[PDB]
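Undergrad: Below is the sequence, then the experimental coordinates.
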Amino acid sequence: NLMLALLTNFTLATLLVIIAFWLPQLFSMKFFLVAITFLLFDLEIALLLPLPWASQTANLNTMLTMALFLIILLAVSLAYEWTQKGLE
Amino acid sequence: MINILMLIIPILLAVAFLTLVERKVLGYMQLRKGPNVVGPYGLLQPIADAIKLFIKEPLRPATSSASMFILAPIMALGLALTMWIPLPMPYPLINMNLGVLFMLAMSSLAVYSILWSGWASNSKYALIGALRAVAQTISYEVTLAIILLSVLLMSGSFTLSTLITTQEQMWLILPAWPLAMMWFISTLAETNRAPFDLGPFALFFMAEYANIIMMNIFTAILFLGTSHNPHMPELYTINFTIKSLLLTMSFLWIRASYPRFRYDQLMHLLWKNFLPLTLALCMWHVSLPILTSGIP
Amino acid sequence: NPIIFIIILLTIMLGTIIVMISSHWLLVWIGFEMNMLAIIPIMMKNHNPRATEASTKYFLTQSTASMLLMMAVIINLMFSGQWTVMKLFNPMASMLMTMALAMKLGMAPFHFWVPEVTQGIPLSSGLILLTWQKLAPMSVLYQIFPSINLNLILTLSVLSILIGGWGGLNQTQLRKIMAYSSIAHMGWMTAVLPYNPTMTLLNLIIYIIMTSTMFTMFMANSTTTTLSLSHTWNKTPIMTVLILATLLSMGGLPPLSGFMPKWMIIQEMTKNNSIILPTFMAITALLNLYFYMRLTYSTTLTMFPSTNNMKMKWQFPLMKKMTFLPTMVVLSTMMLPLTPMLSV
Amino acid sequence: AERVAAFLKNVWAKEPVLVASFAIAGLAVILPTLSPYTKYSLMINXXXXXXXXXXXXXXXXXXXXXXXXXXXXXXXXXXX
Amino acid sequence: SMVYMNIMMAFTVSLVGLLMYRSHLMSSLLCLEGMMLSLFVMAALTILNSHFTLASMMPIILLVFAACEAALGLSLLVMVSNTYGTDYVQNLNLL
Amino acid sequence: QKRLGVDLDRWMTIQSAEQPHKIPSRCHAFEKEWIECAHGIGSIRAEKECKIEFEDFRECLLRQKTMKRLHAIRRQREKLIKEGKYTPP
Amino acid sequence: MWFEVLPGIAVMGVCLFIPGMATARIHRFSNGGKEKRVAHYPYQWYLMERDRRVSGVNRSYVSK
Amino acid sequence: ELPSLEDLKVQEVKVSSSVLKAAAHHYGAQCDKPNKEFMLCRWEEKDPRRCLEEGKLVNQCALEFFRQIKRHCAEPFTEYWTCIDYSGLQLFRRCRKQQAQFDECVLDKX
Amino acid sequence: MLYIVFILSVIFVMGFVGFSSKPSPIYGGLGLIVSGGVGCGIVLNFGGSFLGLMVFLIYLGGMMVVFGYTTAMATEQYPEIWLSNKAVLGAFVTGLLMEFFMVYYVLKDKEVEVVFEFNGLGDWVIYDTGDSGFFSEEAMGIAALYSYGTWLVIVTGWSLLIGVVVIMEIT
Amino acid sequence: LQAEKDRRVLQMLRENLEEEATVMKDXXXXXXXXXXXXXXXXXXXXXXXXXXXXXXXXXXXXXXXXXXX
């Protein structure tokens, strides 16, 4: 069971907190541009995720031109990051 | 189902007994003697740190905002321990339908552990440094997904059990020569304090050092293997531990030998320099199964 | 904004093409979002405190609107199954679909953002884009005009000319008058959709050309009625004749091109035995004329806006089609009687 | 040379990692078109069946036999 | 049928959440995520129970575009906090 | 579509199409009925002749007709408390 | 010297040695033949279901 | 709905446990006529109610295949069956050495 | 024990109540982790290996993590208790009672609904799927492919080029 | 594949006997010509049914992604 496996880890993690809790008795907007680019790149990663699991039944010649195409534009988005990104 | 407890209790001991390795092996690097007084070779000290911090050490919170601060270590320890479940090993506990997707997911959610700690403190003084620590982890997870896919596109599906079978004669270090170099650096971003560094505070140590062993094992699946042998589980168990231990030495090697890269120039190593390199190798790894027949 | 500004403007042009040439319901959702990410930068441009307020109001009222469309797309998976933009099938799905389209075109209960968004643009070039964006969701309505319940589409047309015919009366801001001129004309748009699909797209051809001529006449900077007042005597006097001609055509008057859509809207509606609804359309059309009537008194009357400062140097604006299109906007009554068939 | 020889050693000196970003990614497009090996990989991808093969009714057919091993149809045996 | 009855009720709660505003502006973008989350469950179940194979890719594409509006509209939120002190629906100048 | 696609095709939108693999749709037997009925212009615009075939297609995806049928059996099985009830499985 | 470092490594050759062996040796007690079947896709899932039907009653994996 | 009779088809269905059937791919070569005719019937007519008569011959021929291996050369078959179940789902990996003992005994027969 | 998905759907709505109500972006942000993580179980139970984990990777480990920045960038106001505030508790109690009243009607099978569709029981009929496919099984088992949908790949790549260029120009 | 269809007939026959036992007195349900209005092709049917009785067998057959043995 996956449900039994996950819940056992969290319940033991909660118990460790109580041990320390119960027993003893006596600005800058330049960071934002980095965070946004993380999200926009990971969505291109999300489109490029199926590649090892997808390419099994589909035609290779039709895929080859389209598979590289996403990575090329992923570099063009980084090419726009070279024309003055900032001090970061 | 008793094996889950046989993968938490010896693992919590492994994070505890790291304190010996993290300052004795690091000690001989710096020509200093580590643990010696406490035990015969200092074996009593790792368990002695637990009695010091858990029971006697009291709490003094900054504000304690109802649910938070006493919820962040649960997310820290919980996500670090659940990463052990999808691990292939000789035999995995409850094998997932897809392996590595679960591995990348629980590591991306492990970013919250350093996020909720920044929200725990009421002061503005701490949160600016806290967000900077998020930036060290969030940025390298972009490339971590790319370098993973290039190894997978060479051979095997997302399942971690198939990654052992594909390494029958030769290691994956040789075909993925520049990609193996990346996993030595990219893993150190997740609070290892080697290229960049930022009661319940003691619980974060038990979670952060747990991820260090986790990245050592995960590198020894994607790149190391040597032999499988389904008939003999004895030969695999000993040979896997030695390979993982050698990578643990290299993790403590960077911590002692090399200074911090600066936060600004961490975004010059990655993004400016690594992201054009990783994607160019990803472009190369798309063509490889098409140029020569290599499909699982 | 150098070369890439044209590329940003090109993605709005390309964005509508995705909506135009489509068979998949998720493809038009992509097409709408192509406009969402590309209008906001031109809405900002110079970065102003009024521009920040307008762009956020433009986003929140429109992004939530398109999210209601995606629900109707997913009901088309639960019911009827197929992913085709031919029919809506379910009456349950149509209620959320038509209201999502009303958030962009119907306007009768969703006008609230328009007078604030149109005023909030610092540039005259951004005024054209909002009158051009209305072409995009009209292509969707032309595809799925059957099956949708007429009882809650014609209410979006009747009430819109009422609120459009009253909402411009207490406004002196030139951008605000044109904002409620949209809602007033959008009532005529959402009336031909139940009664004969043709001439509904020709209503756009008349409207978009008429509005694009209007804002290009305001290339000589004017934002209020009093700022457009000082134009006859101090500035170019012959230019205000074309402003007069375009404003007269904006309201329903026969010797001008703007009466020619109003012909077929009533004509096709009267064929479907309905008399009580087109009567209400004609009386409310008088209220629309009143805004243009007061704005023609900046061109006809003296009004005393002389001022000490005077311009001697010749004005050189952009003016893309500010010479060819007003000639079609002033007179096309004799030119286009059989042209209803040519469009669709 | 004005751009071939001049803009090569300067690229290796100033920003040396950018050389690899154009060379490796560039050759990744060139190689799968010119090298005669890509045509073999496409055949094995189509030959490996995902679902069960369908049987057709026999009425004057060539290169079609029984399920037993016989010279019929294509049947891939490329490289061992 | 039975499972769809609860998530449609969950969709209406997220719909009202978009239409409701009290001081804070951040709730709307949080509700936009929830609306797309509720649509994701509704889309998946229809293709999973009634098999399609080809159409199972469509919610994966929907997952990508859900984040596009929840980032490019989310970027505009920060621009409000640059011009003004803090993000408020109560703080608007346009008429 | 307001503007149709010519020469080049980019669809794969409607149900019962050339699938990614050889595997077919769950409602493919009922999917073929709706396509074969509404291929002519005077069938869906009229929407009277294809009434029988669409209801069977509606029965496949929603399963509402079978749900109400199984509801009556499960209720009557629960109704037979302290009474004669069939048991074999 | 290494004689101080090696006990720190040898203790890691026991604690990390557990999860590998404990997952493998449990298949002797749970299953008949020291093997656990992997699901992946319905093809292998159906074979697991029919094996229990082929005279096994409670057992999922059983020979003959 | 009109369902089939309670007696149905095939007396004592299936030989034994799984993986045993997956171990031998010789089931494709020997006895193919009943398997292909059932396949040809079912794709033409999707209903199981009509082509169940051909399916009766499939299960009967299935027993005929396994009985021939149990009579002659049983020792290499049992050893190959123990090899495939000891491992996970390799099927042919790390069992090719024991596969050499198989087929060689079967080669004496046709 | 009988139901698997139906219990998770109640917790899904339970997390969503803090959105119609206004408990500040801190506690309101916490709702998407609760509703999202449980929301994966609703997707996973009927199938979908890849698509079920995409919520964890993007919606949970990407979307809301960026939203973690913006809460600190704009409107932080030091996190407060969501019980002392007026009308917030009133919106929360009315939000749950709209769904929890329907939970009581689930018993004795049939429940009253605003929609025309009936709910009934549907426990074994909740999945409503046979075995069918075996090797390379499930419609979501091969969920995404670059083939056939070639046009979709171009526009998604185009839209993600816009985002990087535009957001850089605003600031 | 035959083993799938052999089970589907046997599961339906047990359901037919239960319908005849439960519906006798008040309800006018005859159970004829099935749920389908066309009644010519006949789909999976027992994908949603699979016998309502005995939950221990129903939970293992329906859920495959959960646990996954």
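TA: That came through fine. Numbers count the residues shown, from 1 in each chain, chains lettered A, B, ... in the order given.
Undergrad: Skipping its backbone neighbours, what lies nearest residue E:46 in space?
TA: residue C:77 (4.6 Å; Cβ to Cβ, 6 or more residues apart in numbering or on different chains). Backbone N, C-alpha and C define where each C-beta goes, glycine included.
Undergrad: Which positions in stretch C:239-257 come out as buried?
TA: The neighbour-count check on stretch C:239-257 (16 or more other Cβ atoms under 10 Å in any protein chain shown) flags C:239-240, C:242-252, C:256-257 as buried.
Undergrad: cool, stretch B:222-229 as well?
TA: B:222, B:223, B:224, B:225, B:226, B:228.
Undergrad: So which of those residues are in strands?
TA: Judged by DSSP state E, those include no members of strands.
Undergrad: Can you lay out the residues you listed as CSV showing distance to residue A:55?
TA: Supplementary listing: these in CSV, determined by distance: Cβ to Cβ, whole Å:
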residue, distance to residue A:55
B:222, 20
B:223, 23
B:224, 26
B:225, 23
B:226, 28
B:228, 25
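Undergrad: my read: residue C:23 touches residue F:11, true?
TA: Yes. Using Cβ atoms under 8 Å, residue C:23 is in contact with residue F:11, at 5.5 Å.
Undergrad: Just want to know which of the two has more residues nearby.
TA: In terms of neighbours (other Cβ atoms under 10 Å in any protein chain shown), residue C:23 is the more surrounded of residue C:23 and residue F:11; the figures are 20 against 15.
Undergrad: From chain C, how far out is the residue lying closest to residue H:73 once chain neighbours are set aside?
TA: Excluding the flanking residues, the one nearest residue H:73 by Cβ to Cβ, 6+ apart is residue H:105, at 3.7 Å. According to Cβ to the nearest Cβ, to the nearest Å, residue H:105 stands 56 Å off from chain C.
Undergrad: still on that earlier bit, just give me the closest of the buried residues of stretch C:239-257 to chain D.
TA: residue C:239 (52.9 Å; Cβ to the nearest Cβ).
Undergrad: can you tell me which residues contact that closest one?
TA: C:217, C:220, C:231 (Cβ atoms under 8 Å, 6 or more residues apart in numbering or on different chains).
Undergrad: Next, the last one: phi, psi?
TA: It refers to residue C:231. Residue C:231 adopts backbone torsions of phi -150, psi -30, taken as degrees, to the nearest 10.
Undergrad: That one: neighbour count?
TA: 20.
Undergrad: and for residue C:23 and residue F:11, which residues touch both?
TA: Common neighbours of residue C:23 and residue F:11 (criterion: Cβ under 8 Å, 6+ apart): residue F:5.
Undergrad: now residue B:70, nearest residue through space, not along the chain?
TA: In space, and not counting its chain neighbours, residue B:70 is closest to residue A:17: 5.7 Å by Cβ to Cβ, 6+ apart.
Undergrad: again with residue H:31
TA: residue H:61 (4.5 Å).
Undergrad: Would you mind confirming that the one you found makes contact with residue H:34?
TA: Yes. The criterion here is Cβ under 8 Å, and residue H:61 meets it with residue H:34 at 4.9 Å.
Undergrad: out of the buried residues of stretch C:239-257, who's nearest residue F:79?
TA: Residue F:79 has its nearest neighbour among the buried residues of stretch C:239-257 in residue C:252, at 69.8 Å by Cβ to Cβ.
Undergrad: show me the contacts for the closest one.
TA: So residue C:252 contacts C:258, C:259, C:262, C:282, C:285, C:288, C:289 (Cβ under 8 Å, 6+ apart).
Undergrad: which SS state does it fall under?
TA: coil (DSSP: H, G, I helix; E, B strand; the rest coil).
Undergrad: okay, now the closest residue to residue C:270 other than its chain neighbours: neighbour count?
TA: Nearest residue to residue C:270 in three dimensions, chain neighbours excluded: residue C:278, at 6.3 Å (Cβ to Cβ, 6+ apart). Neighbour count for residue C:278, taken as other Cβ under 10 Å: 17.
Undergrad: roughly how far apart are residue C:278 and residue C:138?
TA: Going from residue C:278 to residue C:138 by Cβ to Cβ, to the nearest Å gives 21 Å.
Undergrad: Could you do residue C:154 as well?
TA: 17 Å.
Undergrad: who's more crowded, the two?
TA: Shown here are residue C:154 and residue C:138; by other Cβ under 10 Å, residue C:138 has more neighbours (22 against 18).
Undergrad: ok, the more buried one - contacts?
TA: By Cβ under 8 Å, 6+ apart, the contact set of residue C:138 is C:105, C:189, C:200, C:201, C:204.
Undergrad: could you show me where the helices are in the chain, in order?
TA: Since you didn't name a chain, this refers to chain A. For chain A, the helices defined by DSSP state H cover A:2-22, A:31-48, A:51-54, A:60-79.
Undergrad: my bad, chain G
TA: Using DSSP H, helices in chain G cover G:2-10, G:12-15, G:18-30, G:42-53.
Undergrad: Redo the ones you listed as TSV? Include mean neighbour count.
TA: As requested, the helices of chain G are arranged in TSV below (neighbours: other Cβ atoms under 10 Å in any protein chain shown):
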stretch	mean neighbour count
helix G:2-10	15
helix G:12-15	17
helix G:18-30	17
helix G:42-53	18
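Undergrad: Nearest to residue C:110, out of these?
TA: Comparing the helices of chain G by Cβ to Cβ, helix G:42-53 comes nearest, at 48.1 Å.
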